[PDB]
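Listed next as structure tokens: two forms of one protein chain, kept apart as structure 1 and structure 2.
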Structure 1
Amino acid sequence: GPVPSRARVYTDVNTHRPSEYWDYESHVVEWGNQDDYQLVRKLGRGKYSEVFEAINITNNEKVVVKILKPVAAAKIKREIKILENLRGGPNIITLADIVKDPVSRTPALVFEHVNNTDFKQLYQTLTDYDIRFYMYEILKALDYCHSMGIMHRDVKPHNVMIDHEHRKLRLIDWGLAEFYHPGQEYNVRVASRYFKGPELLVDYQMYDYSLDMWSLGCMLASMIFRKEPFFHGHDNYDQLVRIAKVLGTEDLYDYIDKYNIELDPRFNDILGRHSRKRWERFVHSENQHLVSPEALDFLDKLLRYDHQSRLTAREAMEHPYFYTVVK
């Protein structure tokens, strides 16, 4: 059977905090007044919620309302508890209130509003300096939540709001976040396909905070190499093959052998044998302005099969790639 794994950092956080901190099923929700909020426009809808721009009529300030779709009550209580635990943390979205929507008959989470700059505009115009700057801001959010015993598990550009005019970044959508408990087996059906860590793709359930660092590396690779997404799988199986065409199959076998994981035999028809590639192979005249030896070294330390070998968020903050960023 699989060899167990533990995070190399923040293993004891949920042990030394009181049970009320992580026992989200026991949490009693403090309900606000739904009449304080007036929905202005629908911003979007996903499989878990409908999101609206709204106005808080007690102070005329813009807010964002996330009306939850009915799903297992445990998922709703977990997101609320995580948001309350992390409130006030660097670059963590602020949960302002929780109200009962009269129409949906479900909880509606009210958040601070972020004037989110167009994503296409950010992807197309962020400079080398801006990418370093915002990556450092995301690392502040991730080290904070990991230090608080929480893994986000859905790190991707759509979950990072940036108000570029005010150089303000917030990490949002904590609906897939979980408390990290050493030895716990987690559901591998988390994160969006292109951001899924190899641990999810090989069905290794005893993962930890380091899953977020893989997803962060996928974001950085796409951004600096101008290749959206960087690992472009047609499905979850082809997703691992796309990773193996860059990182190589020999290091993939070293990883699964270390943890006594067997690949699904369906990989025999599609995986093949691939050498590890040098990161310089992805550099060309249209992305060279965003690449540096420091960017490649940093990327190499995030995009590693072995989840225990990746840089932690706090180690990543010390990396030479961020020396140019004004602190």
Structure 2
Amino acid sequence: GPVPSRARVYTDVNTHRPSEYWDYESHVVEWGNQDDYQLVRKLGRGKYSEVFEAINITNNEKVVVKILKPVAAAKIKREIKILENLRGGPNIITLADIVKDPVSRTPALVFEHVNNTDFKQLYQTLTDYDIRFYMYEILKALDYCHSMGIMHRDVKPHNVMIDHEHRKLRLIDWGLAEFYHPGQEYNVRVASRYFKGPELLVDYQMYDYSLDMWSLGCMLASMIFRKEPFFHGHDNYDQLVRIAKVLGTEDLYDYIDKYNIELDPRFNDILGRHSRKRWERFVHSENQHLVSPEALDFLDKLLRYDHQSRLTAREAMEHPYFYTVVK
């Protein structure tokens, strides 16, 4: 059978918590009043939810209303409990209220308003300094939720809101987040295909907070190399092939051997044989202004097959890549 694995940090935080902290199924939802909110304009959407900017008429303040589709609505108690537990933490979106539509019985989560800068403009115009600055802000949110015994499990640009004028960042969409319990085998059908870690792709269920660090590494590689997404897999099997074409197959087989992971019968025919590529292969005239030896060393320490070898969020914050960032 597969070799078990534990996180190397924050391993027992949930064991020392009262059951109410992590037993989200026992949580009783105190529903607020939907009539407190006037929906003004659509901000965005997804396969799980529709997002609107609204006014809370009881205080005349702007809020964000996230209407959950049935898929997201099914695990709403987990999302609520995680949001309530992390509320007040650094760069964590603040849940303000929980409402239910009496006509469709659909629930909605109400959040603090973020004056988001257009996502395309941010991807296109962020400077070398800004990338480092915002990466450090994400690491604050990740180290906080990991220290609180939660993995986000869906880290990507679409789940980060930036108010570029106020240099304010919020990690959002906690719908796929889970409590980390050592030895627990989780569902690998988490995150988004481009950001899925090798543990998910090889069906290694005993994963941990380190999955978020792989996804962070995918975000970073896309940003600095100007390649959206960095690992462009057609499906979950091809996703591992795209990763193997960069990290190489030798370190992949060393990874599976270490954890005694069993792959699909055609593994040799699908994966083939690939050398580990030098990061400089991805450096071109249009991206050289975002690349440095520090950025490459940092990326190298996030994008590792072995989930246990990746930098933790707190180690990542000590990296020389952030020495230029004003703290």
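Numbers follow structure 1, counted from its first residue as 1. If you superpose the two forms and keep the largest set of C-alpha atoms that fall within 1.5 Å, you have the rigid core.
Undergrad: With the core superposed, a Cα shift of 2 Å or more between structure 1 and structure 2 singles out one residue among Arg276, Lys258, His289, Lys42. Which one is it?
TA: Looking at each option in turn, only one qualifies, and it is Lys42.
Undergrad: After superposing the rigid core, is the C-alpha displacement of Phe267 2 Å or more between structure 1 and structure 2?
TA: Yes.
Undergrad: Core superposed, what is the CA shift for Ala72 between structure 1 and structure 2, in angstrom?
TA: With the cores aligned, its C-alpha sits 8.1 Å away.
Undergrad: Rigid core superposed: how many angstrom does the CA of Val241 shift between structure 1 and structure 2?
TA: Comparing the two forms, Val241 shifts 0.2 Å at C-alpha.
Undergrad: Hey, core superposed, how many Å does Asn59 shift at the CA between structure 1 and structure 2?
TA: C-alpha displacement of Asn59 between structure 1 and structure 2: 1.3 Å.
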